[PDB]
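As a starting point, one isolated chain is supplied in structure tokens, in the form deposited in one PDB entry.
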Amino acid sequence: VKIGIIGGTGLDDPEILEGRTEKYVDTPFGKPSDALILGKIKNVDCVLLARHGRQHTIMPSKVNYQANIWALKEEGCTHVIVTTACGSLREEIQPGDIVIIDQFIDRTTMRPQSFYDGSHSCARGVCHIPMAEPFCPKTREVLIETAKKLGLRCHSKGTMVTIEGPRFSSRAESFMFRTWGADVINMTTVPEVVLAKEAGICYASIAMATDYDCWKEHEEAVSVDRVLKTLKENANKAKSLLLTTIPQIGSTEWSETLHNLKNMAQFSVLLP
């Protein structure tokens, strides 16, 4: 196994890896957000990638999701575990809580969601990837059991609505998303989750709630500074969860799980 880690806002710390070497790569879809950081957690090979770049320079609409996933695939990653900062759409999901999300609702509009775009020899045909179960259940289960072992406030499921951004939602939108069954809100899960599935990678997401979105009365206003402060306070939780989870993934059996993902990916392609 080899674990890709895509680090989100306030949740991307190279110091998580030992024996670090940076590696700039190129892909048929362009350059990834930043250099790949190759390293290890205990005996497990990992590849860390900052979603928003070295200096947090890249807006969610313009993150190169294709290049990021393709680069991790080419580096040999069998798994991708990510972190993402999000807002809470449910009273029971408190700021600082982790949510091991199991569904999404797409509200993005400007984003390529397939490698198979008719313009790349490396991905020929039309791909219709199944999304009934977008996140790897086995990885999610190890995250859930590990969060429990650590005593962390963690939710075992949740539906992430991904908005285009970069603005936050209106209050009317926040309310509407709750009625649609969304539990947490962010700007990056789609199309990252979709492209991972096309690549035949086991993908899971550690979502960190930083605030209640503006549906909720009598809370502080949603703001960049409040998001960043809450992340600073809680980032250690994601780091511990990754550090403790990854060696357990490394000693689990994956051949069958990975073979089924590979088959799903290859059989989703219509060839001419």
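Between two forms, the rigid core is defined as the largest C-alpha subset superposing within 1.5 Å. From 1 onward, residues are counted along the sequence shown.
Keep in mind the form deposited in another entry is missing from the figure; the text below concerns it.
Here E253 does not count as shifted, since its C-alpha moves by less than 2 Å between this form and the one not shown after the core is aligned. Core-superposed comparison between this form and the one not shown: the CA of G8 exceeds or equals a 2 Å shift. Annotation for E22: C-alpha shift under 2 angstroms between this form and the one not shown, rigid core superposed. In the other form, the CA atoms of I163 and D13 move apart by 3 angstroms or more relative to this form. With a change of no less than 3 Å, the CA-CA distance between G8 and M110 is larger in the other form than in the form shown.
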